[PDB]
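Undergrad: Dropping a structure here in structure tokens format, bear with me for questions.
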Ligand SMILES: NCCCC[C@H](N)C(=O)OP(=O)(O)OC[C@H]1O[C@@H](n2cnc3c(N)ncnc32)[C@H](O)[C@@H]1O
Ligand SMILES: NCCCC[C@H](N)C(=O)OP(=O)(O)OC[C@H]1O[C@@H](n2cnc3c(N)ncnc32)[C@H](O)[C@@H]1O
């Protein structure tokens, strides 16, 4: 002393192994191959809740789950809380009702909190009103060799929560309801597109030229081909090539990879849905977005207004998903709050200096390089996005920020594009697709200028794609939504790790490890005293 | 001369750009923003095929597609083959029926083969019996700037086919039927699991320890965390952790990455479906596989026997998907054809030497290292897999090949596992999952031995996973199927590139480039002469 930091836990593990070893020598198999579960406990509850007090069904069913509680009134009567599908069912181990008495005492002695057990017997409702099962037989299906945390645990410490999801799902079962919700969202999306003739496709994740958006790629290497490859930033280009190929409507709900910073709204690998629809424009896509999200909100309320939160309490607000969404222009709203209305060449030097000095006038300065696009981005970010709470379509961005968006049909130096903002966050991005190969090539020129300027987040010229769209590319509307963030919205959480099963965590130190473990037995030891 | 290799093509491109430029100066927009398509040509055909010869409907509809043919009987009568959704509709441009005569002559002169056009007019059926549309108005939606290949093209040369999928989909539209089929397969799978309470989840693609199967990973690096990461070999471990967490039934249809050789059955990035089902064994999973695939075959015939091919012709055979599938044992069939029946310690040296000499006796030798598992793999591969044509369950492999499969409940030195073989190919792999943490750890030991032996395709010990399963892991059945290969089977193709939209191709040389282009104008020039 005072070393040996994770003493009690090691001791407990060793002793548990010893226990299951003794149990195995006694003629009991701790890990049975097959146990037939005749009914799940939600089905159990749904079927036998009609039972009155002291009533016992003649039916014999078999359930199985994780023991979260083990209490006994005597040696002949034990009560177990068996959890399955995030639902609780009581097991009333009554010795007089158990067929094998020896097995009864051995099993009831051996059962440890955390053990996966199975039981076979009669459904009932006790005098206490607790729906239960009285087992004729029972067995341990998988012994727990460590100490399960109490419910709840780690609710504050996000680290230990998201480092050991397999424990968090057990001690914080409510969290499951998030992920379920997520899978609904996805499914909904699929349906909405599948019913419109869209073809769900799969485009390569490994590339040679990262394009489709503005970011920095993960770099890998293929051995046999002896060549560097890049994990995709966006599936945009390939999907467009599919549209050129003759498949009018395509979509992909896939994993995108971006080597950037990690926060409450950014995971290095995330999930988006991108679709492309021939002979459509961003108006049709606006309507489709309103319809999809509005329906998605109505199938959980079912009004198109959703109740929401707001430190960490329950204060209420409302998100208005009623069609139509509010529509504002990127340059017009920026002009309105500025007082001055921008010089006319937005690409020129004059306007660059002007943005540079309305920047200091509002304390919104950009990290190098300070190109027009980046300065405008920090401007729009620190000034108007902070007030975009209700579902809002931010439309008609300039071209120097939109290389893959088609020219606006009425407004000079603007593009046919919108970004959907909800709760100060970008959820969706959509274009009227640029199908002019000449302008596309010159736009890739115009990106090369930027990545010469120091920017390494600009889009490189893809020659194959250029060839494809040079072979005639239909007028098309394009759409991209962040599944993770929409999930965040609908699940009412302000941390993206709440809707990602295994988020990317910084590998904990030896100090953080030592610490954490030391805490674990600090409290174990305190419980022992 | 004789240089300037891609002369005519360059000239054609330049001239086409000049053409659309002149067209734009004449007051016509080559790339209109929005054209409203009132009806698709399959819907068109479905609705107006009832028309008799010389009959004209009073309805006015608007269609749009790609011009694949342009012929004319006179200057007042032109015939276009407009393709949409891999379907042909004739456009009869009759000048007397066109509203804007000037627009008629300008448009009919400007239209080039490959152009995306839109038309608005009356449906009809001509004297020739050809279902058509007589346009009142029309316009070019997107001009084609290169020469589209004739139908068909490249049917032999797989290279140019799979290098430019956007062209192949146009000139070989039948190929589309493959990918459609694929998306059905996937969907089917989803349904089959969704109806059984399975939760469709997403596990990380970026790892720190590659596990779940036996292969070699792609290596990448995260900047902010300053750490090497690995693209997943299999989602097995994480899904298992989800099962430990309390989610009894999970599945993921995702992208797996393996840095290996490329052939007719191997793409560096492929798609698999993995599910895990608590309180099940590999028997139940056998039945589920029979049911799923049998149903999948019955929903395209609808008998459970499928007609198949077999040099490159149409010779017929039959795949028997009727339940039950034929079941053979890994060691018993290997014994039957051997004559001798293996020594009893399969891990020992004696049996190693024995396999080493029944190997030369059948000319089946292994590349270094020649471990027991690899020798047995080359043995089983070159000897019995060559005769597994009909759907066959190859069951009960030894443990030295199955580190994540549970011990067999009756047979020593064997595991509860099967591999589904169809047409000499592994399509599915399934276990009764190992839930014994001690044996799991010792098995990871037993893999470390191999990767010390020279093998770098063995599985490394995952401590987090070990912790998870040490926290009690329910008896579980696991399943993994190759979507790409199943697609190959159902689409009747012997090349995996036929069911992957953008397969990984070796970046063509300067010589291969020069060649290909030179061929293109060799034939263009021959056509000009
Ligand atoms: N032709 C129109 C195409 C529009 C899609 C475009 N290729 C595109 O990728 O556009 P992005 O904007 O790059 O991504 C759009 C949405 O992705 C979400 N998102 C982006 N980065 C994310 C991250 N690190 N973590 C989680 N989610 C993230 C956002 O909700 C965004 O609305
Ligand atoms: N507990 C049971 C888990 C079984 C799945 C196991 N983790 C696993 O991955 O097992 P594998 O065998 O690694 O992959 C199984 C199927 O994947 C297909 N496949 C594997 N490699 C492929 C490739 N390079 N290209 C295309 N398809 C490929 C096969 O059809 C195989 O049946």
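Undergrad: Filtering the range A:24-45 down to residues that are in a helix (DSSP H, G or I) and within 13 Å of chain B (Cβ to nearest Cβ), which residue is nearest to residue A:119 (Cα to Cα)?
TA: Let us first name the residues in the range A:24-45 that are in a helix (DSSP H, G or I), namely A:24-25, A:41-45.
The next check asks that each one be within 13 Å of chain B (Cβ to nearest Cβ); those that pass are A:24, A:41-43.
Values: A:24: 19, A:41: 12, A:42: 15, A:43: 15 Å.
My answer is A:41.
Undergrad: Among the candidates B:34, B:18, single out the residue that is farther than 14 Å from residue B:133 by Cβ and touching a strand residue (DSSP E or B) at 6+ places or on another chain (Cβ under 9 Å). Reasoning before the result, please.
TA: Values: B:18 fails: touching a strand residue (DSSP E or B) at 6+ places or on another chain (Cβ under 9 Å).
That would be B:34, the only listed residue that is farther than 14 Å from residue B:133 by Cβ and touching a strand residue (DSSP E or B) at 6+ places or on another chain (Cβ under 9 Å).
Undergrad: Ok, one more. Taking residue A:394 and the conditions (1) over 30 Å from the mean Cα position of the chain (by Cα); (2) crowded, with 21+ Cβ neighbours inside 10 Å, which numbered condition does it fall short on, given that it satisfies the others?
TA: Every condition holds for residue A:394 apart from (1).
Undergrad: Search the range A:438-479 for residues being assigned to a helix (DSSP H, G or I) and touching a strand residue (DSSP E or B) at 6+ places or on another chain (Cβ under 9 Å), and hand back the single one that is nearest to ligand 2 (Cβ to nearest atom).
TA: Per the criteria, the residue is A:469.
Undergrad: Follow-up. Among the residues that make up the range A:399-411, is at least one of them under 27 Å from the mean Cα position of the chain (by Cα) and under 26 Å from residue A:496 (Cβ atoms)? Don't jump to the end; show me each part of the working.
TA: Just the residues of the range A:399-411 that are under 27 Å from the mean Cα position of the chain (by Cα), to begin with: none.
No, the range A:399-411 has no match at all.
Undergrad: I would also like to ask the following. Scanning for something within 12 Å of chain A (Cβ to nearest Cβ) and in contact with a helix residue (DSSP H, G or I) (Cβ under 6 Å, 6 or more places away or on another chain), does the range B:118-126 turn up at least one residue?
TA: Initially, the range B:118-126 is screened for residues within 12 Å of chain A (Cβ to nearest Cβ), giving B:118.
Filter once more, so that each one left must be in contact with a helix residue (DSSP H, G or I) (Cβ under 6 Å, 6 or more places away or on another chain): none.
So far as the range B:118-126 goes, no, none of its residues is within 12 Å of chain A (Cβ to nearest Cβ) and in contact with a helix residue (DSSP H, G or I) (Cβ under 6 Å, 6 or more places away or on another chain).
Undergrad: Can you name every residue in the range B:82-117 that is out of contact with any strand residue (DSSP E or B) (no Cβ under 7 Å at 6 or more places or on another chain) and within 12 Å of chain A (Cβ to nearest Cβ)?
TA: If the condition is that a residue be out of contact with any strand residue (DSSP E or B) (no Cβ under 7 Å at 6 or more places or on another chain) and within 12 Å of chain A (Cβ to nearest Cβ), then B:85, B:86, B:87, B:112 are the ones that fit.
Undergrad: Also, I was wondering about something else. For the structure I just gave you, tell me whether residue B:336 is touching a helix residue (DSSP H, G or I) at 6+ places or on another chain (Cβ under 9 Å) and either away from ligand 2 (no atom under 16 Å from the Cβ) or within 30 Å of residue B:354 (Cα to Cα) (or both). Don't jump to the end; show me each part of the working.
TA: Values: touching a helix residue (DSSP H, G or I) at 6+ places or on another chain (Cβ under 9 Å): no; either away from ligand 2 (no atom under 16 Å from the Cβ) or within 30 Å of residue B:354 (Cα to Cα) (or both): yes.
Answer is no for this residue.
Undergrad: Give the number of residues within the range B:258-285 that are more than 7 Å from ligand 2 (Cβ to nearest atom), within 10 Å of chain A (Cβ to nearest Cβ) and surrounded by fewer than 22 Cβ atoms within 10 Å (Cβ to Cβ).
TA: Matching residues across the range B:258-285 total 7.
Undergrad: If residue B:105 passes every condition in (1) closer than 30 Å to residue A:468 by Cβ; (2) part of a helix (DSSP H, G or I) but one, which one does it miss?
TA: It fails just one condition, (1).
Undergrad: Name the residues in the range B:196-228 that are within 16 Å of ligand 2 (Cβ to nearest atom), facing another protein chain (nearest Cβ under 8 Å) and within 22 Å of residue B:461 (Cα to Cα), would you? Step through it out loud before you land on a result.
TA: At the first step, the residues of the range B:196-228 found to be within 16 Å of ligand 2 (Cβ to nearest atom) are B:198, B:201, B:203-205, B:207, B:209-218.
Among the residues that remain, those that are also facing another protein chain (nearest Cβ under 8 Å) are: B:201, B:203-205, B:216, B:218.
Across the range B:196-228, the qualifying residues are B:203, B:204, B:205, B:216, B:218.
Undergrad: Could you say whether any residue in the range A:406-428 is surrounded by fewer than 24 Cβ atoms within 10 Å (Cβ to Cβ) and over 25 Å from residue A:384 (Cα atoms)?
TA: Yes, some residue in the range A:406-428 is surrounded by fewer than 24 Cβ atoms within 10 Å (Cβ to Cβ) and over 25 Å from residue A:384 (Cα atoms).
Each row is one residue, and each column tells you yes or no for (1) away from ligand 1 (no atom under 16 Å from the Cβ); (2) in a strand (DSSP E or B); (3) out of contact with any helix residue (DSSP H, G or I) (no Cβ under 6 Å at 6 or more places or on another chain); (4) farther than 26 Å from residue A:114 by Cβ.
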| site | (1), (2), (3), (4) |
| --- | --- |
| B:228 | yes, yes, yes, yes |
| B:234 | yes, no, yes, yes |
| B:237 | yes, no, no, no |
| B:242 | yes, no, yes, no |
| B:247 | yes, no, yes, no |
| B:251 | yes, yes, no, no |
| B:255 | yes, yes, yes, yes |
| B:261 | yes, no, yes, yes |
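Undergrad: Something else about it: In the range A:150-165, what count of residues is obtained for those that are in contact with a helix residue (DSSP H, G or I) (Cβ under 7 Å, 6 or more places away or on another chain) and surrounded by 19 or more Cβ atoms within 10 Å (Cβ to Cβ)?
TA: 3
Undergrad: A further question follows. Please go through the range A:129-172 and pick out each residue that is farther than 20 Å from residue B:241 by Cα and within 12 Å of chain B (Cβ to nearest Cβ).
TA: The one that is farther than 20 Å from residue B:241 by Cα and within 12 Å of chain B (Cβ to nearest Cβ): A:139.
For neighbour counting, all protein chains shown are included, and Cβ atoms are generated from backbone atoms with ideal geometry for every residue, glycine included. Here, each number is a calculation from the coordinates, and none is a lab measurement.
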